[PDB]
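As structure tokens, the structure follows; a few thoughts come after it.
Protein chains: 2
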Amino acid sequence: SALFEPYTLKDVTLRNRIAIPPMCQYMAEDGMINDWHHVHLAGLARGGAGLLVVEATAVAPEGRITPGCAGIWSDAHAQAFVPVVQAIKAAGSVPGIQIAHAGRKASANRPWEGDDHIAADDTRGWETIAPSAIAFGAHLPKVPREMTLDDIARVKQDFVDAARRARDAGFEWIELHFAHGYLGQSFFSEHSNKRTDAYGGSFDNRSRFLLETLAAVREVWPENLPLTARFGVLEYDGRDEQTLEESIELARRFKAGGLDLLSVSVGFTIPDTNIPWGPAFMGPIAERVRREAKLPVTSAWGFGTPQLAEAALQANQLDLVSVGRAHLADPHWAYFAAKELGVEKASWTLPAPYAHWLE
Amino acid sequence: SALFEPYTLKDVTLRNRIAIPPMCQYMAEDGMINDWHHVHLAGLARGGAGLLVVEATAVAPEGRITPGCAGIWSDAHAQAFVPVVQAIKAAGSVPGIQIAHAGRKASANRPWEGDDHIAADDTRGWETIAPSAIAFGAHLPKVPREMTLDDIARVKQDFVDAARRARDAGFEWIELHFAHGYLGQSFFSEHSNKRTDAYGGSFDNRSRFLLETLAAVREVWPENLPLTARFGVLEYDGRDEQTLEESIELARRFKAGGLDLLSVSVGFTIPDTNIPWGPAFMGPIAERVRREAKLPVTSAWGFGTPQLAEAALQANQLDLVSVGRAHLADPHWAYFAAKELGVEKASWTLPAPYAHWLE
Ligand SMILES: Cc1cc2nc3c(=O)[nH]c(=O)nc-3n(C[C@H](O)[C@H](O)[C@H](O)COP(=O)(O)O)c2cc1C
Ligand SMILES: Cc1cc2nc3c(=O)[nH]c(=O)nc-3n(C[C@H](O)[C@H](O)[C@H](O)COP(=O)(O)O)c2cc1C
Ligand SMILES: O=c1ccc2cccc(O)c2o1
Ligand SMILES: O=c1ccc2cccc(O)c2o1
Ligand SMILES: O=c1ccc2cccc(O)c2o1
Ligand SMILES: O=c1ccc2cccc(O)c2o1
Ligand SMILES: O=c1ccc2cccc(O)c2o1
Ligand SMILES: O=c1ccc2cccc(O)c2o1
Numbered sequence: 002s003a004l005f006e007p008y009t010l011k012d013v014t015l016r017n018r019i020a021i022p023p024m025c026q027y028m029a030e031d032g033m034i035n036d037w038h039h040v041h042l043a044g045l046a047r048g049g050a051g052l053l054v055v056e057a058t059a060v061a062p063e064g065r066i067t068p069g070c071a072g073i074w075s076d077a078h079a080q081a082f083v084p085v086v087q088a089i090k091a092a093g094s095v096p097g098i099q100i101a102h103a104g105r106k107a108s109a110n111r112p113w114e115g116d117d118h119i120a121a122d123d124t125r126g127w128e129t130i131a132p133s134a135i136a137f138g139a140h141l142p143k144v145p146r147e148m149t150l151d152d153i154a155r156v157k158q159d160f161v162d163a164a165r166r167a168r169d170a171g172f173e174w175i176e177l178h179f180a181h182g183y184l185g186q187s188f189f190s191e192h193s194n195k196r197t198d199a200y201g202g203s204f205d206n207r208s209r210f211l212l213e214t215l216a217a218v219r220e221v222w223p224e225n226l227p228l229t230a231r232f233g234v235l236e237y238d239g240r241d242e243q244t245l246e247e248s249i250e251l252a253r254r255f256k257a258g259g260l261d262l263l264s265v266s267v268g269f270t271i272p273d274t275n276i277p278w279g280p281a282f283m284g285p286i287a288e289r290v291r292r293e294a295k296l297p298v299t300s301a302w303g304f305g306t307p308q309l310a311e312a313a314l315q316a317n318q319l320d321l322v323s324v325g326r327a328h329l330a331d332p333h334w335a336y337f338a339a340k341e342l343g344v345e346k347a348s349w350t351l352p353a354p355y356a357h358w359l360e
Numbered sequence: 002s003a004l005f006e007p008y009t010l011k012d013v014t015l016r017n018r019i020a021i022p023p024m025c026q027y028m029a030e031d032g033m034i035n036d037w038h039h040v041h042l043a044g045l046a047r048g049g050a051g052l053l054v055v056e057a058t059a060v061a062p063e064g065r066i067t068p069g070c071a072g073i074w075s076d077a078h079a080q081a082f083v084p085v086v087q088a089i090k091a092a093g094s095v096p097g098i099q100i101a102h103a104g105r106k107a108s109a110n111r112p113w114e115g116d117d118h119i120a121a122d123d124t125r126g127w128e129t130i131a132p133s134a135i136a137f138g139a140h141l142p143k144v145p146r147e148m149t150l151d152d153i154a155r156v157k158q159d160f161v162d163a164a165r166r167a168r169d170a171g172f173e174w175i176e177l178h179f180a181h182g183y184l185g186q187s188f189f190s191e192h193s194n195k196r197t198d199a200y201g202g203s204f205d206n207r208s209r210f211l212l213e214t215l216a217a218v219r220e221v222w223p224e225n226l227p228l229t230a231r232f233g234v235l236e237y238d239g240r241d242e243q244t245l246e247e248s249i250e251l252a253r254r255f256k257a258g259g260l261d262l263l264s265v266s267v268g269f270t271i272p273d274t275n276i277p278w279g280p281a282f283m284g285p286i287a288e289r290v291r292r293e294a295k296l297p298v299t300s301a302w303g304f305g306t307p308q309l310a311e312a313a314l315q316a317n318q319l320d321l322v323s324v325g326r327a328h329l330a331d332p333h334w335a336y337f338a339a340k341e342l343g344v345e346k347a348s349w350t351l352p353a354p355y356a357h358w359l360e
């Protein structure tokens, strides 16, 4: 099956096309990960997936989404990832990490603790920053502070330091979080970016923060290790054709700038939208980006059904299939998929201590 | 459903009736467990099972089944279990451990490395000990050395030290491995025990090693923590009625001796047998033992089908349902079962970081 064919990008080879997309656990303390993450990630790596991308890890304290988000804004924070990275590699999976900055969606409660912006008097909260002083709305009403040019320079450097730390911690795959309405996505979208300086207005100006951050990270990230990003290419806000055209153009600039693969998603920049949720609904859009930008891609949402994952790959809509929630339900989803697709010696998708007894 | 009703034994309360039986991983080095076990066990504990019994852990070096078996024959070996025990508890599952001695089945290769007795010239091998100098046969042809009274005293003390270490490491449930043809089972069976001293011949003499070991362990194992054992009650060797009668009588002596629960299994003492393998095939025998010995029991083999587990409990054939291989296939089997049985808020069988998104 196509789902179980290896994939090589730069000097890295994934044993199959199954990728576990970044999934926040909200279990870190002051940005420091712990045994929750170690067992969670090591267990997933042993499950069989070819690539395991660690959850959105903040490049700065205020870049966290919640008080439970992981961070890599200091060398001590990076050190915490070392044993985890080594456990993922020992399991045969490729360790990746998504570095991010929540922007105006920062300083929010954990999903099961309100999922809304933290109250002004809560000692855990903090001031959010963004391209412009405009709130997301809905459950995230906090108005962020408009970033100064110095804030921009500082955040870009935070991304560079985060990438440098990821590199030294042993990660072999990096993903810049430019999607889901967080800082990067918000600089590109006219909904959230009303700036009149070099970082707002035109397509080039709105693209600037993302392109400069990618270029800056590229200086410290090894050429032989996949350099990727997640980016929302449309919002389903009634401006889809225009937005997709601009997003694809930016994807072309990313490719020219050294991006090896693009994780295609939706913007989630504003709440007033009408997203046509459905199993593998992103397939068609991902394929269009892959084709018009001539860049490898991955996407997600509902690919937890083996046959769907297989079909998406065979149709060349995606290069890697990202499966998220199915892996929270069953860390050994790769094994379940191998069986479902009739892969020979499907049990050996898992380590010997398990495989021997399941064959 | 009955599968998800809590269970209290002594001072310990299991959140449900799902027990993960001991399952050797063959990943230890010189008896020392490592991160394979830590992630494996912690992951299983987070999966939802109410009780997690750690694999057969050798009370002495020669008591290991293979060079990859876990051991607890020294305080350093016990220390290795401390972080694991604490991770299991943090997950809400009860940490248990099966202490054992492989007897004549010791010094064998890992299952995926031959599964047979290690060659005489292999530097990893060792002399096996047993009640009598008689080999198992088949793939385990090595003739063990007949134990002296001093060997018996020493092994009993090894079990005591192992239990004392398990206690101090934080385990809240202990299981003496008197089944599957290893040392304990071999002392009870006339197939393997041809001794003429106080430890062989009569029912009382063949029961002696097991009863004395239980009594000795009882002196160091807390009264408020479940004291259990796994025991093969029949062999399917043509002497079933006679063997079951004696096994049930020994179970009565175990109960009188402080045993809180008995894990009912098959002897596997010799290779020439005809075991009627089938889903939940042990159910009827387990029920007979539970009834005639008036002792709580658990059993296993094929209970990985939610409905079967539920049925066994409702029929009072078992008090706890042991599910093994299904947990190797899917560490979150408890979640799969909760869904299958229509349990309310089935996703919360798992921790919040997973449950929130699966509901
Ligand atoms: C708990 C949870 C945490 C997530 N965390 C992240 C994240 O940190 N970064 C990101 O880009 N997407 C994140 N996502 C979105 C997932 O990566 C994925 O695209 C989404 O779950 C859809 O795929 P699925 O249907 O296979 O779950 C998360 C989703 C869930 C359910
Ligand atoms: C890998 C593996 C390791 C096992 N290790 C042990 C052990 O250490 N001690 C024991 O008493 N039984 C052991 N067993 C037997 C299991 O506890 C259980 O009774 C058996 O797998 C039948 O249940 P199942 O059909 O749910 O897998 C093992 C079985 C497997 C497959
Ligand atoms: O699409 C999603 C859903 C949940 C989520 C959570 C944290 C960060 C993200 O980027 C997320 O993206
Ligand atoms: O892209 C680069 C630049 C410098 C460098 C130096 C050492 C090892 C690498 O992998 C490197 O990769
Ligand atoms: O891309 C880079 C740039 C600098 C560098 C320095 C040391 C090791 C690396 O792997 C590096 O990689
Ligand atoms: O029934 C079984 C099957 C495998 C096994 C492996 C180690 C120890 C045991 O007690 C076992 O018991
Ligand atoms: O059974 C016993 C005997 C002594 C003892 C001492 C401290 C704590 C315990 O739980 C104990 O339990
Ligand atoms: O059963 C026993 C016997 C002795 C003992 C000693 C300390 C702590 C315990 O928990 C103990 O438990």
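For the record, the sequence lines run as chains A and A'. A prime marks a further copy of an entry chain. Converting from the first sequence to the entry's author numbering requires adding 1 to each position, the first position being numbered 1. Converting from the second sequence to the entry's author numbering requires adding 1 to each position, the first position being numbered 1. Using N, Cα and C, we set each Cβ at its ideal position, and we do this for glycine too.
Is A:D31 close to chain A', meaning its C-beta is less than 8 Å from at least one C-beta of that chain? By this cut-off, A:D31 is not an interface position.
Is A:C25 near ligand 1, going by C-beta to nearest heavy atom under 7 Å? yes
Check whether chain A comes within 8 Å of A':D331, counting only Cβ atoms and requiring the distance to be less than that. yes
Residues of the segment 341-354 of chain A whose Cβ lies closer than 7 Å to any Cβ of chain A', in chain order: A353, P354
Quick test of your reading: A:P84 and A:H39, contact by CB under 8 Å. State the CB separation rounded to the nearest angstrom. Indeed they touch by this definition, with Cβ atoms about 6 Å apart.
I need the straight-line Cα distance from A':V156 to A':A61, nearest angstrom please. 8 Å
Can we count A:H38 as close to ligand 1, meaning its CB is less than 7 Å from some heavy atom? no
C-alpha distance - A:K195 paired with A:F82, whole-angstrom precision: 37 Å
What residues come near ligand 4, if near means a beta carbon less than 6 Å from any of its heavy atoms? A:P223, A:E224, A:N225
Straight-line CA distance for A':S208 to A':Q186? Looking at the backbone, the Cα of A':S208 and that of A':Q186 are separated by about 10 Å.
Own chain partners of A:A134 with C-beta closer than 8 Å, once the 5 adjacent residues on each side are dropped: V144, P145, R146, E147
Is the Cβ of A':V40 closer than 8 Å to any Cβ of chain A? It does: the Cβ of A':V40 has a partner Cβ on chain A nearer than 8 Å.
Please report the straight-line C-alpha distance between A':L52 and A:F188, rounded to a whole angstrom. 50 Å
Taking 8 Å as the cut-off, decide whether the C-beta atoms of A:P332 and A:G48 are in contact. Going by C-beta atoms, A:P332 is nearer than 8 Å to A:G48.
Closest to A:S264 by CA distance: which of A:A121, A:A327, A:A180 is it? A:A180
Tell me which residues of the segment 90-123 of chain A have at least one Cβ-Cβ distance to chain A' shorter than 7 Å, keeping chain order. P112, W113
Assuming A':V86 and A':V161 make a contact with CB atoms under 8 Å, what is their CB distance in whole Å? Going by Cβ atoms, the distance from A':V86 to A':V161 rounds to 19 Å, so no, they are not a contact pair.
List, in order along the chain, the chain A' residues whose C-beta lies closer than 9 Å to that of A:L359? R326, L329, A330
A:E311 versus A:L4 - alpha carbon distance: 5 Å
Let me check you understand the geometry: is the CB of A:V161 closer than 7 Å to at least one non-hydrogen atom of ligand 5? No - ligand 5 has no heavy atom lying nearer than 7 Å to the Cβ of A:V161.
Since A:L359 and A':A330 should fall inside the 8 Å C-beta cutoff, what is the C-beta to C-beta distance between them, to a whole number of angstroms? Yes, they are in contact, since the Cβ atoms of A:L359 and A':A330 sit about 6 Å apart, within 8 Å.
When you compare only the Cα positions, how much space is there between A':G93 and A':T14? Their backbone Cα atoms lie some 10 Å apart in a straight line.
Of the residues A:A164, A:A91, A:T67, A:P68, which one's Cα is nearest the Cα of A:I100? A:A164
Please determine if the segment 246-255 of chain A' and the segment 283-293 of chain A' are in contact, where contact requires at least 3 C-beta pairs separated by less than 8 Å. Segments in contact, yes.
Is it buried or exposed for A':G233, if we count other Cβ within 10 angstroms and need 16 for buried? buried
Can you give the Cα-Cα distance for residue 1 of chain A and A':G343, rounded to whole angstroms? This structure does not reach residue 1 of chain A, given that chain A is present from 2 up to 360, and the question cannot be answered.
Can you check which of these residues, A':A199, A':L226, A':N17, is closest to A':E213 by C-alpha distance? Looking at the Cα atoms, A':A199 is the closest of the given residues.
With DSSP run on the structure shown, which of helix, strand or coil describes A:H140? Look at A:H140 here: in three-state DSSP terms it is coil, with no helix or strand label.
Who are A:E176's beta bridge partners in DSSP? A:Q99, A:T229
Classify A:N317: buried if its beta carbon has 16 or more other beta carbons within 10 angstroms, exposed otherwise. Exposed is the label assigned to A:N317, since fewer than 16 other Cβ atoms lie within 10 Å of its Cβ.
I need the DSSP call for A:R105, collapsed to helix, strand or coil. helix
DSSP beta-bridge partners for A':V13? A':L10
Below 8 Å, can you find three or more Cβ-Cβ pairs linking the segment 15-30 of chain A' to the segment 70-77 of chain A'? yes
Kindly indicate if chain A contains any beta-carbon less than 8 Å away from that of A':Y27. Closer than 8 Å: yes.
Is A':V83 near ligand 8, with its Cβ less than 7 Å from a heavy atom? no
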